[PDB]
Amino acid sequence: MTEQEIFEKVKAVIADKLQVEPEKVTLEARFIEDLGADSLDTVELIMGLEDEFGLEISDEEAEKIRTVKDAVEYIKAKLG
């Protein structure tokens, strides 16, 4: 997958799980400060990424993904 295609899929997952318009899910957006994610949203977002990409993100790694960019970069690195 290209980084662009990963971004598009990540954006879709975030829009769904955090209930925000796709337009607000920019590359630098912070899940908490910019998208208002609460505790339930945080776990739903991680699981959403795991379901969409078929990967496993450890609780440790998850705690480190703060922005859309962090998610995209993490996924692109894992997938190849």
# chains A, B, ... in the order shown; residues from 1 in each chain; ligands from 1

$ residues_around --residues "residue 37 in chain A" --least-positions-apart "5" --cutoff "12 Å" --atoms "only C-alpha atoms" --output "ChimeraX atom specification"
/A:14-20,29-32,42-46,66-67

$ residues_around --residues "residue 9 in chain A" --least-positions-apart "2" --cutoff "12 Å" --atoms "only C-alpha atoms" --output "list in words"
residues 1, 2, 3, 4, 5, 6, 7, 11, 12, 13, 14, 15, 16, 22, 25, 48, 49, 50, 51, 52, 53, 68, 71, 72, 75 and 76 of chain A
